[PDB]
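A.B. asks: Structure incoming, see below.
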Amino acid sequence: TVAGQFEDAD
Amino acid sequence: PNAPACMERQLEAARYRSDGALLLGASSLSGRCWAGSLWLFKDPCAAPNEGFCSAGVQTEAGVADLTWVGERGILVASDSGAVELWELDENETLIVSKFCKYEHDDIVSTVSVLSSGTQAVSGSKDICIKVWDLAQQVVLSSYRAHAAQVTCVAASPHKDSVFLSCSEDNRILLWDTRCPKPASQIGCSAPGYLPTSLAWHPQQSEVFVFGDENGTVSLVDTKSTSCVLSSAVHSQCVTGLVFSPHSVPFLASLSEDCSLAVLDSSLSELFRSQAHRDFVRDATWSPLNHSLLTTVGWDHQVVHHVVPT
Amino acid sequence: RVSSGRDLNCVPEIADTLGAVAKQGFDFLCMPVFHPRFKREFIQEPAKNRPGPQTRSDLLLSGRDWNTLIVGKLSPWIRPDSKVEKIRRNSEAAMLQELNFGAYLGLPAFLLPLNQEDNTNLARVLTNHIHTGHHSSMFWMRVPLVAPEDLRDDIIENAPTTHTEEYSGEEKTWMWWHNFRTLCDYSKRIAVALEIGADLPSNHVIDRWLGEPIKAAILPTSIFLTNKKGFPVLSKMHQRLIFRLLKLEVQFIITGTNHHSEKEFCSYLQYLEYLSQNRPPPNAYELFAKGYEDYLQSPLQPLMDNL
Amino acid sequence: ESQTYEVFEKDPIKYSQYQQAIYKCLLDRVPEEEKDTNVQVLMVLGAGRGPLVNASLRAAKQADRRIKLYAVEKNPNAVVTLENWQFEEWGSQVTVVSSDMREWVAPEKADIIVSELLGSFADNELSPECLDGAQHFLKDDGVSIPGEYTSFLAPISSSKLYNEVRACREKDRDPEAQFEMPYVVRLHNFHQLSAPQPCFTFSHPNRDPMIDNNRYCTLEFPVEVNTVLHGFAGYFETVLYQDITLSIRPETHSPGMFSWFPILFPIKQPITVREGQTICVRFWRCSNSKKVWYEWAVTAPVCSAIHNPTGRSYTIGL
Amino acid sequence: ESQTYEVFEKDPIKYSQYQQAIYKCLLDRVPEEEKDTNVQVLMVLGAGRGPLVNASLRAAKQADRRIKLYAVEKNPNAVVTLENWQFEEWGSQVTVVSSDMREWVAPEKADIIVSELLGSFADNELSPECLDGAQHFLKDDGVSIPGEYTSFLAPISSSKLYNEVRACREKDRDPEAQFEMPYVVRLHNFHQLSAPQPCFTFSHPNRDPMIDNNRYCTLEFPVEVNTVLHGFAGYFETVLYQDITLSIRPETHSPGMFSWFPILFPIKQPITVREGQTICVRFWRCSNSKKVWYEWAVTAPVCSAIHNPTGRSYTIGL
Amino acid sequence: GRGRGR
Amino acid sequence: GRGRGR
Amino acid sequence: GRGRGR
Ligand SMILES: Nc1ncnc2c1ncn2[C@@H]1O[C@H](C[C@@H](N)CC[C@H](N)C(=O)O)[C@@H](O)[C@H]1O
Ligand SMILES: Nc1ncnc2c1ncn2[C@@H]1O[C@H](C[C@@H](N)CC[C@H](N)C(=O)O)[C@@H](O)[C@H]1O
């Protein structure tokens, strides 16, 4: 749903 | 008292309030619903009749342990891995949930309150101990020093931020959270049998007692060279240990063998009983009469004993 | 889809718990058949005569639901390898009772732990149960990749940890497994359910593990990292391991509590879906070979017989 | 398993007839003048998951006779389900016993004992042994439901059944053991060479000073088809109480009832038969206080080996 | 068979030791001032053909103590010989009973119980079960002969014995079954890797609140040379009464005794061993109220499958 | 096995 | 049987 | 046979 919901943690 | 209709048939915790009121936590370990409940009796004798309970409430899940946070605060450990705090109303007629957190994984096996009274310590079966600030309503700290289930924890009654913890990995650790690497590994130095319960001596500092699987109550000193004196009083594991409020406390021990044993300072069996028909879960000394001991077990009984103190 | 399940040890009521689990998108629930804290005795007179039911009845669920939705767990208090004769005997009796009840319910799988090095008595009891009657319940052994003793923090003053490489010491958990299946004689009804844990071991250890008959993989919710948006995520090594496991068609079991309270628990499962998709799609060879993997077939002999 | 009991409970005819028999027995035993004061002790043996207990309670309610009920069950999981039922619904009226009836010592003498231990063959599941063990705690005037049961045999020809039996070769076993054990089959594709004839009869309670279950029977079956005999199909009938009956025999098959399938006793070698050549067969029911087994052989028209001697290939543990 | 008893009676050492133990117990139990009135009731369980009865009579005669002798036997064929003996020589002094001590009801309590049920492993013949059954008719101050027996194990490597056991490939049976059953064999061509260690121990009479014969043992054997473990030899040592003892353990073998041979517990695959390693093995004695079987597994240096799980291959009929 | 068999 | 098997 | 064997 949210854009970049699954983007890796930095 | 607009309380639950009936209790769960497996009493799990008993605690005497300074005023004399008895808090009794029960859970349903069998049947369709595995729920829990708490009850407060202004008259210990009337218990466990649900009609004479001064107050009562039904918890979300089972109740594994509980403790008095003060004169009206009740801190409870739940099978859902949640630690919760309830508060009595001004009239002490209703138990109202105040706080409830699911920080712990698995099921919280035990809980305790530090001497300061505003902080608590909990141990879970998921290899972890946690220190909470009740006033702040957060988890101050989390530790993983054991390699197996944290069987028991016991706050120091005389020194704040000091508490013992015993696990199934056969380690007894004396945590002093004021310094780095708080765990101290101080113990009997006898890895023979796993510990099962701990108890600080109310009067003597740095001196405590513990129990193992084979029902051997051992008295040890923190500052000593692991020197201990032990007695094989029970034929089964010692589920709990309680010290009397006398100036020379007697040690009350209850075991899986469904028996009670009151021992002197020398661990000599001063009195014994086998009234219960099942596991004895908890015992507590009545503040009004120091010779009266109230014990609760899974047989759904509250047994009052008069000890020859 | 990626078969995913939920691991719970506190189930106040089955109906609502299953409703909530299904709503979150899980496919099966791992639960205790008996209450975890309800100790039971079998050789002590006052205790063995305990009245009343010993557990919730099977009538609560349809026979289909038991056979597909539920996975039994062994009670934590059962320690068949205890040093005390009484405790050992009680643990044996309790484990046998729980396994028999699981068979009675016809559970598809039953989850047992391997948290300690020595498991000879447990293996003996399980083998005895297998060679007794006819039942089809698989057994999943929960074996951490890293032993619990090695994952504890350096908090003890008198028992400090060691930073030695311990190349041979990282395989110990596998040994625990290897012995166990050896004791049970490579029974086809025993499978592994390894627990990922926070930190991964050397890549060779993971490669060795991937050759074992892994059926499930336990993901604690504590290993998921938090991204800048507050959602759970996994590190690169964890992502690679998850890809390799997905290539094996393993069943993922999310365990623990919702650490990312701001979000929903389903957020965890969704992430696995995001990993399920976007993975390298199968090539022509893999698609061709699908359906024939680890399936033994005799070679052709065109000279002797006609194709 | 749970599914076994679940499929058992799908049959309404058996439990309805059990309820009818219990109701009639209660009416007979308790006269109207003693309705308020007389309470009958009823013991349900092998209560399983409790359908028999529910039937007994409904029969007592409709007959308006007071009853006190015991439910004996040896399976611990069925015991768990029964205890949950008792706590939830039945209450103090039903007392659950988790013990084998042969070893249990009852606190009271039962007025009625209701049981269901009838396999495809009448006494396949050792109903006689369990009931004779339970008789010791029955009243001198007590009643046992089912009252009596008989088993029937009928020769059958089935190339398909013989082929499937021959295909039951189990490695790690005597090569010809599959032919020495009975199977329960629907016998959809078969030819019956004669009407079934009674084989064994059992009645309870057994007041005979001799108490033995070993039996020997000989049967003659006229043949009018000149075919090949492949095995023996076994059915059974039972009288629960007076008129109330329950059977699976084709001529008197209970309508709708589907809880049992005919049993099959194979023969090692097919035997050709002619227009005459009455088929003479012999059946033995033997035991040794630790096992029970059946031995059968055909003596006419052409003899055959004795099957399953000394329980060599198939036995039922006591 | 009669030949078995014939070979049994050849050994004089066993019966001489039994007579000595009896004699001593009688002397201890009957003081001189009560010599002519204190008549001790002595029961010989599993009397067999008489040898124990003759030994008891000789011990009583040489001790000058009055005795009253019962001889219990279940084998009817041996009962015939016992009755002939009693009618001919013993007379009314000896009462012969044709029953099983586990079900017989003695008319009165007995001061002493004499039995010779010891097997090669001292429990493979279910001596503990029979003696526990017999204990119900023993006086509170009674004595049991043997009063205690221990069974010892010792690893052994023998290619010849391994090949022999491999050659015991029976038909219509699991090909690996031969490796899951103990064998009693005269160990001649074998190498013993370590000294035997006590495996199991039983004592009678048993007065503890709980009576259970299920046992679990773990043994560690140091090894000082490269070798190939092939099995475990098993011996026993019995303390008949005080110093009077019988043993077949090599370091304390009873001189001249030949009535017992060591038992052999094989393992499926040979286990290579190196000096400095320790062979860790585990033994289980399990019983299900109808059978008694052993289960053994090798845990170190390399694991091996549990042998004979649930008495799959070898069982002793209770 | 629906009916009366395994 | 696919591949080169049976 | 002799000894203690069948
Ligand atoms: N000797 C015995 N003592 C006690 N229960 C027994 C014995 N033999 C069989 N049973 C039980 O009898 C039951 C058989 C019945 N459940 C069969 C279906 C029947 N309609 C019922 O539900 O009662 C099983 O639960 C068996 O465990
Ligand atoms: N449970 C039992 N009840 C009665 N007799 C038994 C039982 N078990 C074994 N026996 C008998 O015990 C005897 C064993 C002895 N004969 C062994 C040799 C011994 N030297 C003797 O001749 O007495 C056999 O005759 C068995 O039939």
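Chain labels follow the order of the structure tokens: the first chain is A, the next B, and so on; residue numbering restarts at 1 in every chain, and ligands are counted from 1 in their shown order.
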To check your reading of the model: which residues sit at most 10 Å from ligand 2 when counting only C-alpha atoms and all ligand atoms? Write the answer as a VMD selection string.
C.D. replies: (chain E and resid 1 4 to 11 14 to 15 18 44 to 53 71 to 79 97 to 104 114 to 119 125 to 127 129 to 131 133 to 134 259 318) or (chain H and resid 4)
A.B. asks: Selection from above, C-alpha atoms, as a CSV table (one decimal), in the first residue's frame, can you write it?
C.D. replies:
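What follows is the written file selection10.csv:
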```csv
chain,number,residue,atom,x,y,z
E,1,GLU,CA,11.4,-80.2,26.9
E,4,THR,CA,16.3,-79.1,28.7
E,5,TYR,CA,15.7,-80.3,32.3
E,6,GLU,CA,18.2,-83.1,31.8
E,7,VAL,CA,20.9,-80.7,30.8
E,8,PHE,CA,19.8,-78.3,33.6
E,9,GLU,CA,20.4,-81.0,36.3
E,10,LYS,CA,24.0,-81.7,35.2
E,11,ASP,CA,25.4,-78.6,36.9
E,14,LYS,CA,24.2,-74.2,41.2
E,15,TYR,CA,22.2,-76.6,43.4
E,18,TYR,CA,21.2,-73.0,46.5
E,44,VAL,CA,9.9,-73.3,45.6
E,45,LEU,CA,8.5,-71.3,42.7
E,46,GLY,CA,9.1,-72.9,39.3
E,47,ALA,CA,10.1,-76.1,41.0
E,48,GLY,CA,10.4,-77.9,37.6
E,49,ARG,CA,11.6,-81.5,38.2
E,50,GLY,CA,12.6,-81.5,41.8
E,51,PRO,CA,16.3,-80.4,42.0
E,52,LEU,CA,15.4,-77.3,44.1
E,53,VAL,CA,13.0,-79.4,46.2
E,71,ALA,CA,6.5,-76.7,45.0
E,72,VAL,CA,4.7,-74.5,42.4
E,73,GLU,CA,4.9,-75.4,38.7
E,74,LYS,CA,2.8,-74.4,35.7
E,75,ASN,CA,4.2,-76.8,33.1
E,76,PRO,CA,1.8,-79.8,33.4
E,77,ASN,CA,4.4,-82.2,32.0
E,78,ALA,CA,6.9,-81.3,34.8
E,79,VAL,CA,4.0,-81.4,37.2
E,97,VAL,CA,0.8,-77.2,43.0
E,98,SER,CA,0.0,-77.1,39.3
E,99,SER,CA,-0.6,-73.4,38.7
E,100,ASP,CA,1.2,-70.1,38.0
E,101,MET,CA,2.5,-68.3,41.1
E,102,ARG,CA,1.2,-65.0,39.5
E,103,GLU,CA,-2.3,-66.4,39.8
E,104,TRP,CA,-2.1,-69.1,42.6
E,114,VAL,CA,13.2,-70.1,46.5
E,115,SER,CA,13.3,-69.5,42.7
E,116,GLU,CA,15.7,-70.2,39.8
E,117,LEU,CA,14.2,-68.1,37.1
E,118,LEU,CA,17.5,-66.2,36.4
E,119,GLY,CA,18.4,-66.1,32.7
E,125,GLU,CA,13.2,-64.7,31.7
E,126,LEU,CA,11.0,-62.1,33.5
E,127,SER,CA,12.1,-63.1,37.0
E,129,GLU,CA,7.6,-59.9,37.2
E,130,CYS,CA,7.1,-63.4,38.5
E,131,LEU,CA,8.7,-62.6,41.8
E,133,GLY,CA,3.6,-61.5,41.6
E,134,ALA,CA,4.7,-64.0,44.2
E,259,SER,CA,24.6,-73.7,33.2
E,318,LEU,CA,4.6,-62.0,29.7
H,4,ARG,CA,20.5,-71.6,28.2
```
A.B. asks: So which residues touch residue B:104 within 7 Å, counting only C-alpha atoms, skipping near sequence neighbours fewer than 2 positions away, as a PyMOL selection string?
C.D. replies: chain B and resi 81-82+102+106+108+124
A.B. asks: Please find the residues of chain D near chain C - the criterion being any atom within 6 Å, counting only C-alpha atoms - and write them as a PyMOL selection string.
C.D. replies: chain D and resi 1-2+80-81+83-84
A.B. asks: Dump C-alpha atoms for the selected residues as an mmCIF file, in the first residue's frame?
C.D. replies:
```cif
data_model
loop_
_atom_site.group_PDB
_atom_site.id
_atom_site.type_symbol
_atom_site.label_atom_id
_atom_site.label_comp_id
_atom_site.auth_asym_id
_atom_site.auth_seq_id
_atom_site.Cartn_x
_atom_site.Cartn_y
_atom_site.Cartn_z
ATOM 1 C CA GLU D 1 -9.378 -41.352 15.633
ATOM 2 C CA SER D 2 -11.860 -38.502 15.893
ATOM 3 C CA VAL D 80 -11.584 -36.331 27.493
ATOM 4 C CA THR D 81 -14.494 -35.627 25.158
ATOM 5 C CA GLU D 83 -15.706 -35.410 30.480
ATOM 6 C CA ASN D 84 -16.120 -32.160 28.557
#
```
A.B. asks: Could you write out as a PyMOL selection string the residues of chain H within 7 Å of chain E, counting only C-alpha atoms?
C.D. replies: chain H and resi 2-5
A.B. asks: DSSP on the backbone, strand (DSSP E or B) only: what residues of stretch 33-66 of chain B does that give? Format it as a list in words.
C.D. replies: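 Reading the DSSP output for stretch 33-66 of chain B, strand (DSSP E or B) covers residues 36, 37, 38, 39, 40, 41, 55, 56, 57, 58, 59, 63, 64, 65 and 66 of chain B.
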A.B. asks: Starting from chain B, keep only residues with some atom at most 12 Å from an atom of chain D, counting only C-alpha atoms, and report them as a CSV table (one decimal) with N, CA and C atoms, in the first residue's frame.
C.D. replies:
```csv
chain,number,residue,atom,x,y,z
B,30,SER,N,-7.8,-25.9,32.1
B,30,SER,CA,-8.5,-26.9,31.3
B,30,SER,C,-9.9,-26.4,31.0
B,31,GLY,N,-10.5,-27.1,29.9
B,31,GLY,CA,-11.8,-26.7,29.5
B,31,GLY,C,-11.8,-25.9,28.2
B,32,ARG,N,-12.9,-25.4,27.8
B,32,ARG,CA,-13.1,-24.7,26.5
B,32,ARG,C,-12.3,-23.4,26.5
B,33,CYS,N,-12.4,-22.6,27.6
B,33,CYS,CA,-11.8,-21.3,27.6
B,33,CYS,C,-10.7,-21.3,28.6
```
